[PDB]
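Protein chains in written order, with the authors' numbering: chain N, 5 to 263, 268 to 346, 356 to 473; chain J, 5 to 263, 268 to 346, 356 to 473; chain M, 4 to 59. All C-beta atoms in this analysis are idealised placements derived from N, C-alpha and C, irrespective of residue type, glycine included. All remarks here apply to the structure that follows.
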Amino acid sequence: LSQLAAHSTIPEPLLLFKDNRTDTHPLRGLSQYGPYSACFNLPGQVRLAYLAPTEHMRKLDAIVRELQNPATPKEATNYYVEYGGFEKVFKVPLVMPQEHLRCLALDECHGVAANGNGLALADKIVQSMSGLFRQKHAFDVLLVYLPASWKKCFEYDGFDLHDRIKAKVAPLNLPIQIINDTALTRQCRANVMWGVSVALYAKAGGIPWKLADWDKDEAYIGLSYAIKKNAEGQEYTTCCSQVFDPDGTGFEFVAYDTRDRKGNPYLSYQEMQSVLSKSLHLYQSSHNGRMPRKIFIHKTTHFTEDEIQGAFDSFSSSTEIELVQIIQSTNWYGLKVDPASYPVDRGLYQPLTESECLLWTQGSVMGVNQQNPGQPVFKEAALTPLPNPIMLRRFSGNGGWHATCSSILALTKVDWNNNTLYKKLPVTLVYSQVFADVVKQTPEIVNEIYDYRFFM
Amino acid sequence: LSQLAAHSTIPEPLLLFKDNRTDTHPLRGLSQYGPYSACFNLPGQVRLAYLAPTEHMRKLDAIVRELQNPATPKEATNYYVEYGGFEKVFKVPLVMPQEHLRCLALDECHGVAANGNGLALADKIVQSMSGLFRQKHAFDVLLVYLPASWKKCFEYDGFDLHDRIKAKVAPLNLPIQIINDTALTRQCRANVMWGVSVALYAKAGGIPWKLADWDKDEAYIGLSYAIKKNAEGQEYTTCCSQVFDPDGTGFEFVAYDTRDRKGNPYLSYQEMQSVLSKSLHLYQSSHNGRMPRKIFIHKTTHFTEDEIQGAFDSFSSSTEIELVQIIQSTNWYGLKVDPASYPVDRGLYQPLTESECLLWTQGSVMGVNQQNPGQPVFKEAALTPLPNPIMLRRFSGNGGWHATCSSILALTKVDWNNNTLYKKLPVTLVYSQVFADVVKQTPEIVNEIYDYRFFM
Amino acid sequence: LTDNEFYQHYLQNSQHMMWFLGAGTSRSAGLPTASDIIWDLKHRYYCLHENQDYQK
DNA sequence: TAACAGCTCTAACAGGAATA
RNA sequence: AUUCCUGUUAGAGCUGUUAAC
Ligand SMILES: [Mg+2]
Ligand SMILES: [Mg+2]
């Protein structure tokens, strides 16, 4: 009775790179081959701009210089790869801004920060951008710096400065790479060069890497929510992200608040039907009208009867729907035996119940070790000694745990904003949660949809 | 035989304002709803500085002071609405410049006024404003005042004072709104106040209004030229302009030189192919890299056989190129009968022959007039009794007069420098002409592209 | 009449009940509504007289 | 509608760095 | 907020099971 169903370890998903080469290590492949989207000239050159107070601009130009020159990894050398210099590794020059492409924040921002007013501080930071907006064509990415003296307005109740800035500059089409004193300090200072460099490339152009072995006929959907603590009650702001590989070479990753007020994170049958309608209409527009054949709707909470009925009735019979729920905190945890020195291989899925499975999005990864090749690497070794798996509770499917598990595993590796090897959750869930935070901070965003490069 | 093809009256295009409240009449919509950029709070407060001889300094204060007070129109009262002041109409405070920002024209300028040296006067004015180079963050718009005593150097053969001043100041990236005695020389105060208020708000970085429901996938190119009277021959300066709408909410308007020597205003294969490739890259940079589905080109003269092929070879198959030539001088003119008491409706386009149509850019507009409500308004009734119809000659568009006619009609309404209802030409043509003058005066501008807010 | 009383009223006597569904219900069935049909017709005609790409 | 049980989530903080 | 998710402190949201009203 102690013998469970046999598991199968899904191998490490391959990532499409420069010249359609595949390598499961993102940074190693980027150094070796280059970005997938560099095959075409979406970014001609990464022209930057600075927005910071006059005192701390030296930090911005210093960090940009550090991006220009190669760096060596000091911490987590088990996984990271030596930086080859932005021009060498992304095959595109990184242009330092000239005098007019380099703005100065108003001194009134300091007064507002001393006053402890987050809303006015974000408004003033945005209003400082007019000098660059007269030259919006000149630059591609704006590096907004915030001095530590503004910490009092960085994060407090009912507010978040980063989300407010992102929601204020998203309709203005300019990507923004916010930099906190964190790129200054930051000892493994070749971390900065890869996280910041990959973010800069994604926001100026796009697609640093693309997941291979992706059927063009599947659209993946992830719903996630956030809470705004009202004085009387609460507001549950839920938003949905969508990923798919279209007929064109440009892999698409969007989000869009489905929503007026909601008291629970479970969408009503009308809301799910409307959100799902918007989703497949977007897919059809990106697929010249072709119907999706596989649909994956990942939700952090269980689908009610209304949600499943809305899913069933929104599509036609030809498009099978894979309604899956992702559980983050679970009691179970495993230990590999042959007992192994390193924890269980990443990607092992263990069918517990006919509808509930364990997926090991965390765990040892093979073939991506730089030093002592062949040794396994545990991404979260610093944080945890063992990997905590997630629970997939399939609410609607025809058959095959492998089909959804491999899709989730491949969706855990295409977060360009993520410096590390993978993510505990699929990019759909994380982007839906990020956009949920954004919409909760700024409710007047429900009108439009946005690409990933705006909010990553 | 006296029967012509049925004319079609294109409706008056709508303009987008704060909270996306559409209106045909720009100033009335500005009064009722406010500027387009108010929702983004992009200009914030407007901070402006002065640069004039001290003997006239007070005048500037006066007009600026009178910018902050209501004004009631006395001339063209049939069109102009009551002015409410910068604080009320634009929902934005007008900032009194401090003594540190306020500058005085250096004395030797007055002396060179006697010498009749335009280049020396312009350079001396630039050196006078050089005290404002360091304090670029403090102010947004500079208000250069040229006294009537300098009229000797205002305009003379081969030199334009305002053109030279703006050509010198644009590479330094600081807008100026030159003010002469004219603005303080007229009779109707509300007219000038609307003009200066809109000009200053748009020069700060805001957008007073935008084309309602404008397609973001169409780019409207416009090429114009200017004459430099060389000693031996002639010089033709050709420059292009773009008025496309980026993926964001705001919209762009940028002109650039088409470039070594030209004796004819017809771009060759190489030059036209080059300027159109630069335009294509400019459009790609804003829309993440998406092709423009259709591109409209407005040239003042006919397209050559080589020039059409040059325009074609610069784009892919998906792009639709509608080459159009705009002719202002025609023997035709229209009379409206039901004999209408008011001239022929604006936007009434008459297809004369295959690839030749008559567009009535000038004419009566319904529902715009303020006094005597419900009556047509003729903007140019002062200059002449009739509206002269311009003529479109099509060279490349596969089909459809409606697309080009509506596009041009809507384009003649987004000239912020213009304080009247519309223009005779699309903003592409007029801004290409203005930048052609700027480049012809100053040859050292050909390298860089410039926004409309600099030269408007 | 409040909706709950109507539900009780119907539930109380649903044996003898004609239904009169209009074109609004088919709105969800995924079928184009009246306004959608009108917009399709304008778009179908507008592209033909003025030669414009239909799918563009 | 008022408690009570479990399952699971986010909301604020804090926090150190890949088998030693 | 270059990143990662490990914990702490709380509250909700769902399910229920009773007592009702
Ligand atoms: Mg980022
Ligand atoms: Mg002007």
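- Going along the chain, which residues put their C-beta within less than 6 Å of some heavy atom in ligand 2? J:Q181, J:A203, J:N434, J:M473
- Give every residue of the same chain whose Cβ lies closer than 6 Å to the Cβ of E86 of chain J, excluding the five residues on either side of it in the sequence, and list them in chain order. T76
- Residue ranges of each alpha helix (DSSP H) run of no fewer than 4 residues wholly in the segment 120-171 of chain N, ordered along the chain? 122-131, 134-137
- Can you give me the start and stop residues for the alpha helix (DSSP H) that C422 of chain N sits inside? 418-428
- Message: Restricting to runs no shorter than 4 residues, where is the alpha helix (DSSP H) found entirely within the segment 31-77 of chain J?
- Response: 61-71
- Quick one, which of N:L147, N:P212, N:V173, N:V345 has its alpha-carbon nearest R62 of chain N's? N:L147
- Task: Name the two residues that bound the continuous alpha helix (DSSP H) containing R470 of chain J.
- Result: 469-472
- Closest by CA to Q181 of chain J, which one among J:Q191, J:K170, J:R190? J:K170
- Is the number of C-beta pairs between the segment 217-226 of chain J and the segment 283-291 of chain J that are closer than 8 Å three or more? yes
- Hey, how far is the Cα of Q278 of chain N from the Cα of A453 of chain N? 20 Å
- Item | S381 of chain J classed as buried or exposed, judged by whether at least 16 other C-beta atoms fall within 10 angstroms | buried
- Item | Where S228 of chain N sits in the DSSP three-state scheme | strand
- Message: Taking 7 Å as the limit between beta carbons, can you name the residues of its chain near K440 of chain N, skipping five residues before and five after?
- Response: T429, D432, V447
- Item | Pairwise C-alpha distance: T327 of chain J and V444 of chain N | 34 Å
- Item | For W154 of chain N and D185 of chain N, the rounded distance between their alpha carbons | 11 Å
- Message: I'd like to know if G122 of chain J contacts chain M, where contact means its C-beta is closer than 7 Å to some C-beta of that chain.
- Response: no
- What do you get for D261 of chain J, buried or exposed, if any count of 16 or more other CB atoms within 10 angstroms of its CB means buried? buried
- Task: May I ask you to report which of helix, strand or coil DSSP gives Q387 of chain N?
- Result: coil
- Message: Count Cβ pairs between the segment 44-56 of chain J and the segment 227-246 of chain J that sit closer than 8 Å; are there 3 or more?
- Response: no
- Message: Give me, in chain order, the residues of the same chain whose beta-carbon lies closer than 7 Å to that of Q388 of chain J; leave out the 5 immediate sequence neighbours on both sides.
- Response: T81, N82
- For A259 of chain J, which residues does DSSP report across the bridge? J:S245, J:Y467
- Quick one: does the C-beta of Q49 of chain J sit closer than 6 Å to a heavy atom of ligand 3? Questions concerning ligand 3 fall outside what the structure shown contains, since the ligands it does hold are ligand 1 and ligand 2.
- Query: For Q102 of chain J, which of helix, strand or coil comes out of DSSP?
  - Reply: coil
- In the DSSP assignment, what are the bridge partners of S12 of chain N? N:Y366
- Message: On the CB-based measure, 16 or more other CB atoms within 10 Å of its CB, does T36 of chain M come out buried or exposed?
- Response: exposed
- Message: Taking 7 Å as the threshold (beta carbon to beta carbon), is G252 of chain J in contact with chain N?
- Response: yes
- What is the DSSP secondary structure of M408 of chain J, counted as helix, strand or coil? strand
- Hey, does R138 of chain N have any beta-carbon neighbour from chain J nearer than 7 Å? yes
- For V258 of chain J, go through chain N and note every residue whose CB falls closer than 7 Å to its CB, in chain order. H141
- For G252 of chain J versus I211 of chain J, is the C-beta distance shorter than 7 Å? no
- Rounded to a whole number of angstroms, what is the C-alpha to C-alpha distance between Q102 of chain N and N339 of chain N? 55 Å
- In the DSSP assignment, find the unbroken alpha helix (DSSP H) run with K457 of chain J in it and report its ends. 444-458
- Task: Output the boundary residues of the alpha helix (DSSP H) element that contains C192 of chain N.
- Result: Run containing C192 of chain N: none; DSSP gives neither H nor E here.
- Query: Quick one, are the C-beta atoms of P39 of chain J and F94 of chain J less than 7 Å apart?
  - Reply: yes
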